[PDB]
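In order, the protein sequences belong to chains A, B, C, D, E, F and G.
Quick note, in the authors' numbering, the first sequence goes up one by one and the last residue is 170.
Quick note, in the authors' numbering, the second sequence goes up one by one and the last residue is 828.
Quick note, in the authors' numbering, the third sequence goes up one by one and the last residue is 146.
Quick note, in the authors' numbering, the fourth sequence goes up one by one and the last residue is 678.
Quick note, in the authors' numbering, the fifth sequence goes up one by one and the last residue is 390.
Quick note, in the authors' numbering, the sixth sequence goes up one by one and the last residue is 423.
Quick note, in the authors' numbering, the seventh sequence goes up one by one and the last residue is 1118.
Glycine included, C-beta positions come from ideal geometry on N, C-alpha and C.
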Amino acid sequence: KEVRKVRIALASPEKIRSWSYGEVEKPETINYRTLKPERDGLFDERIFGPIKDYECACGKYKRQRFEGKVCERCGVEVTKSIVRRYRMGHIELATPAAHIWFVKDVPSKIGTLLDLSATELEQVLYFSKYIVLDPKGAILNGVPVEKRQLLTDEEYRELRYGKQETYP
Amino acid sequence: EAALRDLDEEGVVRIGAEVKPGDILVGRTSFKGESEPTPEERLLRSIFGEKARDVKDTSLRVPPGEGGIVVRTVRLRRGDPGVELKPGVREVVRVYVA
Amino acid sequence: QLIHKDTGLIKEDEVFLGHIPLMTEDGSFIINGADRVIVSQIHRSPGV
Amino acid sequence: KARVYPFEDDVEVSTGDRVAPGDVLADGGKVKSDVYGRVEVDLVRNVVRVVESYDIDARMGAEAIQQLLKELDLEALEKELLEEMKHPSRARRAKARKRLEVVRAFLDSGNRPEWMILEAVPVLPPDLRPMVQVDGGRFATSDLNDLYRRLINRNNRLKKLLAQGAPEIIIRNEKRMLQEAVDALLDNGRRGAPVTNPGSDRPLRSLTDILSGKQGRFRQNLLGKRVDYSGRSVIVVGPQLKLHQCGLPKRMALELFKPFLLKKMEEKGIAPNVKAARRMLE
Amino acid sequence: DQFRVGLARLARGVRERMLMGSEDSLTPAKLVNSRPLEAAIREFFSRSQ
Amino acid sequence: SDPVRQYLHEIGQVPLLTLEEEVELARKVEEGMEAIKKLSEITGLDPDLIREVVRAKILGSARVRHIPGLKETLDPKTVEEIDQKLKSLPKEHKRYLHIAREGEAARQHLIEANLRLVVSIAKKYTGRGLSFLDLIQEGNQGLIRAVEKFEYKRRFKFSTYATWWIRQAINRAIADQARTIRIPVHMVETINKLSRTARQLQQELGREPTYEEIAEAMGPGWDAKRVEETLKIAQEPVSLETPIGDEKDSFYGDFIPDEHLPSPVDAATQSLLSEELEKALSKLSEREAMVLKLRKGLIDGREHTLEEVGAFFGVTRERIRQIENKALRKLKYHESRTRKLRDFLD
Amino acid sequence: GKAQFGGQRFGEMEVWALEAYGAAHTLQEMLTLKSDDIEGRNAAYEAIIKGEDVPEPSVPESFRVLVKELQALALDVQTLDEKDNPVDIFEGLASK
DNA sequence: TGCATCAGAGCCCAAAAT
DNA sequence: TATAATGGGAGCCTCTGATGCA
Ligand SMILES: [Mg+2]
Ligand SMILES: [Zn+2]
């Protein structure tokens, strides 16, 4: 088939995971002694593919008679090494993180959608201020806390943990 | 032997030699990265009955368009008096071509 | 000289700080075998 | 500011529990709380304190923002914004227009707004961020690997601090450090100070930097390229040439046309084959 | 100027070494790491514009 | 806008402890741990599992997650079951739950009140390859370790014990994370010793030491070769994005050839070799061309044993070796006549 | 550069020149067979030493780099045919 | 609603870079 | 694993567009 069009679209976490051939779990790059890639690190052959054509890492299956085989011992697919230019990995974040293009490109796309100013979106994303998802009947300074309200740290603690003072 | 004519015993081109593009200045061998010879090379090696050498020709040659007369050579090995190289370097050769 | 202001103890020594490049007779430097020149820089004079 | 509720017998709640007026505290239901608050069970004073406070859900960071984005009903928001497009004030209509244009963008495309927040962060293939041994046996590597390493370290540490029940101050610091690290990987210098390698003022080169600019992928490798079968030399006037001619040095021409020359050297008997022909020109 | 910079870095190391170790037995040779100074000068001569 | 400034401001919102306040939190933390031990005994339940349920309820609904060591997934359903099992205890037993809860609470507070200590230690370790905030966070990790191991009975102030653990945590982080090529902590120790040693020798010798001078100073086991090898191992990579020139226009990586992908000439050459090889094999019989193809891996990629090629052609292991040898003999004969395959031997 | 046995840079402005001449095949050669089209450049060399005419070019490798670099930025770049169905320019190698 | 203030966007090519 | 130690550090153009104040 012939390429007539190029589409560009946002990528879901699902799609990013479907691209990925493995999760890079370690900051390691290559072994200081062997110079071979470190398992689960940024250069891992089990994830991004074999360094040498039709040869697994440990060298049990060395030729194209096995293509598609994944060495039980070393975990590497026997294919063309060209795949190390193609196959993507992924990092599974412990907390979601905003993609900065959709934050810092003005007017912010995230900000525009949620009716949040540049300063407000900054304050929530970079942990300067709380935003209320569910007031759960809270009230601060006599007025009820309304959903999507920004609270300072002092305001949130008084609401959430109560107000107290210690006098020497 | 045509290719090696102007190299001394140690592999450095002799002072006074005329060098032209493609000519060897300093001869060098490097150990072949481990590789399995392709079935074509297996068959070729089998046909001619000659063992594939362990080492490859990495020699320094005159680049395109350069060359002249060799006026100086400096050779520095490791473990000889007064000289210590950066880690891993056994020996360094410099060839001055005029 | 290292001094302990409390005790008064004084230990004094001449420490080696490494090397500083020397200028040759013609006003240049030799840095890793190659001759170098430090070019003067024009700029705004301090002041008011 | 808290309420004190004394108890003779066993207490059914425990310290740290959250409580609403009326929740049963101790003594099989006899003593219960009058206020919204956090339960403090005092075994010395034999009293259940309830510190006045709410169960409010308020969060920080991209997790909070991702939530508000997940809960967006874009159809509904289009309806509201169309009504806003009727308001007399130009600015009112203008702001609703810009908002409505982003809403419609997501609506037509089929993109979910929450995808602008990352859970899985992609990792570029290694050959595009290589670790290579140069001539001297030394290693040279792409800046992205250090940016990925910062990211991975902070993420892993975040997983560990979470597993160990660290205070919110520590978990919050890690999270803001985590956001900053993703930011550096994608567009370094975009927000905040550019992250640099130690003992250098040089900003590390991120994905945005690789893509854009005079040195970026588009202008450097895509709209222009270095090419084979090319050469350069000093020019000299050639009065004797016909208008359709140029003087071309033979040594240049032998290289520029070299493969053709190999074929021709085979047709005529100059070499047995192409391999021998190339070796002879070397 | 670069000398002054390397010296300031070396001074940072001195203050940092004046806390750790034994507050009693210390010489100037133990207190001074000259690497920051050497580096500042080496940087100026090789890599300056 | 400044993450360090912000963290310092957050740090400044928890007041420092009085000796009395410090002992109280430390005391409650120790007692809480003893309580968790007792609840394990009474219930026959995992102490770690108990600790996570207690800790889950103190920190609140905000943080609830699976812990790598726990056998059961930790979610509000399971933590309700276990919390309801603890609250199903008799009064004299159920009291340890209250003790444990207050222990975890005090742990949080104790950690929070000492955060400025970590900052004042971490600031001294900048410039070693970890960012200031990174050092603070690893330092904070050591502070957490210290709170769990602290024995308040010894009457030492908390800062004394913490400082050991915080210094330890920062140094481990630097040893673990500072290098693009990661090196084992013990090997980093050896490398650093070699640095100090060389620096001593240069400080006494008025010049950089040789490999041999370093080897004497390092004692027995060290010769010049090992000093060099250790320095070689310790070499850090340099950036591909390293600038060349005083314009911003070029990178170091742009000057590095690619040795992996075959060159057009190499690809061409290998292709011509396959075509000339097939040409020579057509001058044999199909069977003696097939025996060679099966034996050298040109077909299917594997080199078959004589027993396999022989069983496939219906002949004896000796016979297939024979038709292979006459094939190769004919091959050698045709080559001396036509000289076609000679040039590919380089 | 000469020291690296380099090629000449045929830059943005050089491309404009080929465009203004309408030399589409000359330009396409500059962009593929004479540069980063790996399959193409190999095939062109082999054809010339065999006397055949140079083959039709393939996808330039730096476009594949661009796609993967945009995937690293969490953007999905998809080459589509006239029916708006995906076309795989990685030839099955990067998809599970 | 009309006007400063600021953040972020750009600023020739090829050669070379010792 | 234990004297006590508790808040960092560097810094120097023009046009266009959005945003925050009369
Ligand atoms: Mg230029
Ligand atoms: Zn294997």
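May I ask whether a heavy atom of ligand 1 can be found less than 7 Å away from the beta carbon of residue i?
| i | result |
| --- | --- |
| F:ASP326 | yes |
Taking 7 Å as the cut-off, is the CB of residue i close to at least one heavy atom of ligand 2?
| i | result |
| --- | --- |
| A:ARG75 | yes |
| A:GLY61 | yes |
| A:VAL78 | yes |
| A:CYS58 | yes |
Would you say residue i faces chain D, with C-beta separation under 8 Å as the test?
| i | result |
| --- | --- |
| F:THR307 | no |
| B:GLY818 | yes |
Would you tell me roughly how many angstroms separate the C-alpha atoms of residue i and residue j, rounded to the nearest one?
| i | j | result |
| --- | --- | --- |
| D:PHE653 | D:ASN669 | 17 Å |
| F:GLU385 | F:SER348 | 29 Å |
| F:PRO297 | F:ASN269 | 18 Å |
| D:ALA416 | A:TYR163 | 14 Å |
| F:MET264 | F:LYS200 | 25 Å |
| D:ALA398 | A:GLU167 | 12 Å |
| D:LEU470 | A:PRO15 | 20 Å |
| D:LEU603 | A:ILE112 | 21 Å |
| residue 368 of chain D | G:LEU1097 | As shown, chain D starts at 397 and ends at 678. That puts residue 368 of chain D outside it, with no answer to give. |
| A:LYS71 | G:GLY1114 | 16 Å |
| D:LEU574 | D:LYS555 | 11 Å |
| D:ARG615 | F:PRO145 | 48 Å |
| F:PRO341 | G:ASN1064 | 4 Å |
| D:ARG414 | D:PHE403 | 18 Å |
| F:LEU361 | F:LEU371 | 14 Å |
| F:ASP160 | F:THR120 | 12 Å |
If the cut is a Cβ gap below 7 Å, which residues of chain E does residue i touch?
| i | result |
| --- | --- |
| C:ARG142 | Chain E residues near C:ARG142: none, gap ~15 Å exceeds 7 Å. |
| F:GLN280 | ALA370 |
| F:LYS270 | Going along chain E, no residue has its Cβ under 7 Å from F:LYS270, so there is no contact; the nearest lies around 15 Å. |
Determine, using beta carbons only, whether residue i comes closer than 8 Å to chain E.
| i | result |
| --- | --- |
| F:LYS325 | no |
| C:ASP124 | no |
Would a check of beta-carbon distances place residue i closer than 8 Å to chain F?
| i | result |
| --- | --- |
| C:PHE114 | yes |
| G:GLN1030 | no |
| D:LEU574 | no |
| D:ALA562 | yes |
| A:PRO137 | no |
| B:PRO769 | yes |
Are the C-beta atoms of residue i and some chain C residue less than 8 Å apart?
| i | result |
| --- | --- |
| E:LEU372 | yes |
| F:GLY216 | no |
| E:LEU360 | no |
Listing by chain order, which chain A residues have their CB less than 8 Å from the CB of residue i?
| i | result |
| --- | --- |
| F:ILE310 | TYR34 and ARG35 |
Taking C-beta pairs closer than 7 Å, name the residues in chain D that residue i reaches, listed in chain order.
| i | result |
| --- | --- |
| F:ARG178 | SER410, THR411 and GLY412 |
What in chain B is Cβ-close to residue i, meaning under 9 Å?
| i | result |
| --- | --- |
| F:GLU412 | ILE777 and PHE778 |
Taking Cβ-Cβ distances shorter than 9 Å, what residues in chain F pair up with residue i?
| i | result |
| --- | --- |
| D:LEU439 | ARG172, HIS175, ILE176 and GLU179 |
| D:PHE535 | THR257, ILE258, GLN312, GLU313, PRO314 and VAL315 |
For chain A, is any of its Cβ atoms less than 8 Å away from the one on residue i?
| i | result |
| --- | --- |
| G:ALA1045 | no |
Whose Cβ in chain F lies nearer than 8 Å to the Cβ of residue i?
| i | result |
| --- | --- |
| D:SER538 | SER316, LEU317, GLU318 and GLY330 |
| A:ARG67 | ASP377, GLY378 and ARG379 |
For chain G, check one thing: does any of its Cβ atoms lie closer than 8 Å to the Cβ of residue i?
| i | result |
| --- | --- |
| F:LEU338 | yes |
Can you pull the chain G neighbours of residue i, defined as C-beta to C-beta under 8 Å?
| i | result |
| --- | --- |
| D:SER429 | None at all; the shortest Cβ gap to chain G is about 48 Å. |
| F:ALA344 | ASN1064, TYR1067 and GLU1068 |
Those runs of the alpha helix (DSSP H) which lie wholly inside the segment 40-84 of chain A and span at least 4 residues: 47-50
Secondary structure, beta strand (DSSP E): runs of 3+ residues fully inside the segment 791-825 of chain B: 798-806
Whole runs of the alpha helix (DSSP H) within the segment 558-629 of chain D, excluding any shorter than 4 residues: 564-582 and 603-607
Complete alpha helix (DSSP H) runs within the segment 249-284 of chain F (minimum length 4 residues, chain order): 262-282
Residue ranges of each beta strand (DSSP E) within the segment 417-502 of chain D, 3 or longer: 420-422, 433-438, 443-448 and 453-455
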